[PDB]
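Have a look at the structure below before the remarks.
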Amino acid sequence: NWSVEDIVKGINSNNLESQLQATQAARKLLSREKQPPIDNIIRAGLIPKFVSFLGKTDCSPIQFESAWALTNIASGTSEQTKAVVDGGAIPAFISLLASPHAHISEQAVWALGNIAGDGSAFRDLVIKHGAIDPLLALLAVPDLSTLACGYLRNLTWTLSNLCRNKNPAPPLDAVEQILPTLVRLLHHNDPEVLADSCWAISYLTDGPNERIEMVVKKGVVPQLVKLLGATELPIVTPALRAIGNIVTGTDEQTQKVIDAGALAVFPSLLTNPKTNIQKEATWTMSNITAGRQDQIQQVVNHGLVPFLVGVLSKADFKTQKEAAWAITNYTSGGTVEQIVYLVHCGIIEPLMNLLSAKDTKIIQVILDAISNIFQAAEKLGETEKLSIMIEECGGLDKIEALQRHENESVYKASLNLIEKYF
Amino acid sequence: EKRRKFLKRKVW
């Protein structure tokens with residue numbers, strides 16, 4: 001438990017062993033569980049010394065200790081990571097990636113992961129210094145199972161951080177370079193490696209449809225669905241995020257998701273006790289019901305409409321908003337037969353009960369869905385019966401109240417509904 | 001993310 005003053009005294013000595021002991025003391029100080037004195041270490045001007053120690057091939061222990069200390073400094077605020085980067089640490093860590101000592105290369109991997117995880121600027125800077133090639137060289141083995149577990153986990157997490165963040169998204173050539181190894185890792189058995197690989201894929205699929213296409217071309221969707229059917233929440237969460245991102249794309253990518261059998265997992269997802277899982281799954285379903293009519297039909301065949309009715313009847317309010325969106329997309333793109341099936345499953349009463357919420361957007365979505373169902377009934381001539389249903393569940397009173405809403409669109413649409421049908 | 005070493009709607 002040295003003081004920063006003693007650490008500085010030792011590091012400023014012309015004795016490599018005293019410097020090593022002071023650097024180890026700094027590492028232990030920065031590795032304590034409560035409030036590491038990162039700012040105090042920075043103010044003492046110690047980062048340049050640690051960076052210089054990173055290059056002492058003659059003394060591997062001081063390399064390791066300084067790498068650990070700099071890793072922990074770079075794990076803090078953006079200003080602290082920036083202090084690490086300004087010391088010239090990026091190229092030193094990249095040079096250490098090829099060290100013959102596995103623990104030192106692993107520490108360099110960790111440090112680069114923190115730096116890249118700061119944000120898109122430092123991510124792209126790490127990429128410009130040439131980290132991807134040595135990082136992937138570390139994983140160029142016939143069987144990943146021969147690598148140490150922690151080493152593989154750290155490599156996967158750092159790679160995921162290189163795939164992370166937008167504005168801008170990672171360089172396309174870098175994504176193309178990394179994706180094959182990402183597929184390999186996505187077929188690994190370790191739960192943490194799988195979780196971090198799924199997170200990386202979720203990052204890569206979060207953007208324009210061209211990036212989604214880069215990912216889907218690798219054939220990972222079946223594996224993503226298999227992982228979606230996993231037991232570990234830390235794996236299901238990123239897998240579900242990636243699947244949702246993918247189905248935000250073209251009808252062909254959504255169809256790739258459907259063909260892999262994803263819908264068969266949604267009975268559980270739409271009833272998952274974790275609210276975030278339910279919300280993400282309902283959002284995915286809403287984007288799926290915004291697709292082609294055969295895709296809505298596949299949603300119907302898997303028996304998911306009753307699950308949407310359930311989520312609409314009882315769930316977190318945000319999940320209910322996602323379900324209202326799903327219903328509006330369904331009724332906007334669906335055939336008259338599918339809309340009638342939706343009505344037969346009991347959508348009217350929950351959709352009308354949700355009109356009492358103090359949220360304008362869900363109100364407008366629900367009114368659009370009601371208009372679509374009424375158009376279907378008109379096409380069938382059952383508008384009268386549907387109005388009877390809406391009146392029995394107390395919904396006519398809700399639309400009558402919406403008449404006097406503080407939003408133009410809401411009042412206008414409620415008026416149109418009551419005058420064109422009621 | 002950062003780690004310390006111890007010891008269609010595109011948006012929802």
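Labels used: A, B, ... for chains in the order of the structure tokens, numbers from 1 for residues in each chain, and numbers from 1 for ligands as shown.
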May I have the residues within 9 Å of stretch 144-149 of chain A as JSON, numbers by chain, using only C-alpha atoms and disregarding those fewer than 2 positions away in the same chain?
{"A": [139, 140, 141, 142, 151, 152, 153, 154, 184, 185, 188, 189, 190, 193]}
As a PyMOL selection string, please: the residues near residue A:72 (cut-off 9 Å, only C-alpha atoms, same-chain neighbours under 6 positions excluded).
(chain A and resi 27+30-31+36+38+111+114) or (chain B and resi 3-6)
Would you save the residues of that selection, restricted to C-alpha atoms, as a PDB file, in the first residue's frame?
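part_11.pdb, freshly written:
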ATOM      1  CA  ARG A  27      -0.269  -1.624 -10.190  1.00  0.00           C
ATOM      2  CA  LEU A  30      -4.675   0.848  -9.226  1.00  0.00           C
ATOM      3  CA  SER A  31      -6.041  -2.696  -8.753  1.00  0.00           C
ATOM      4  CA  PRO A  36      -8.264   3.736  -7.443  1.00  0.00           C
ATOM      5  CA  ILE A  38      -6.015   7.175 -11.144  1.00  0.00           C
ATOM      6  CA  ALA A 111      -5.352  -2.421 -22.613  1.00  0.00           C
ATOM      7  CA  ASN A 114     -10.143  -0.474 -22.978  1.00  0.00           C
TER       8      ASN A 114
ATOM      9  CA  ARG B   3     -12.655  -3.425 -17.748  1.00  0.00           C
ATOM     10  CA  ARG B   4     -10.408  -2.899 -14.739  1.00  0.00           C
ATOM     11  CA  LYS B   5      -8.115  -5.782 -13.790  1.00  0.00           C
ATOM     12  CA  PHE B   6      -8.410  -6.671 -10.095  1.00  0.00           C
TER      13      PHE B   6
END
Find the residues in chain A near chain B: any atom within 10 Å counts, using only C-alpha atoms. Write them as a PyMOL selection string.
chain A and resi 27-28+30-33+68-69+71-77+81+107+110-111+113-119+154+157-158+160-161+164+206-208+244-250+279-280+282-284+286-291+318-319+321-322+325+329
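The spacing separating atom CA of residue A:99 from atom CA of residue A:129 amounts to 16.9 Å.
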Can you list, as a list in words, every protein, DNA or RNA residue that comes within 9 Å of residue A:218 when you count only C-alpha atoms, leaving out same-chain residues fewer than 2 positions away?
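Listed by chain and then number, they are residues 179, 180, 183, 213, 214, 215, 216, 220 and 221 of chain A.
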Point out the residue among A:315, A:399, A:343, A:243 with the least atom-to-atom distance to residue A:278, counting only C-alpha atoms.
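Among the listed residues, A:315 lies closest to residue A:278.
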Just want the 7 Å neighbourhood of stretch 130-137 of chain A, counted on only C-alpha atoms, with same-chain residues fewer than 5 positions away dropped. Output as a ChimeraX atom specification.
/A:94,97-98
Enumerate the residues of stretch 174-381 of chain A with a DSSP assignment of alpha helix (DSSP H), computed from the backbone, and present them as a PyMOL selection string.
chain A and resi 174-186+191-204+209-217+221-228+233-247+251-259+266-269+275-289+293-301+305-313+317-333+336-344+348-353+360-380
To one decimal in Å, tell me the separation between atom CA of residue A:123 and atom CA of residue A:165.
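Between atom CA of residue A:123 and atom CA of residue A:165 the gap is 8.7 Å.
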Report, in Å with one decimal, the straight-line distance from atom CA of residue A:55 to atom CA of residue A:20.
13.3 Å
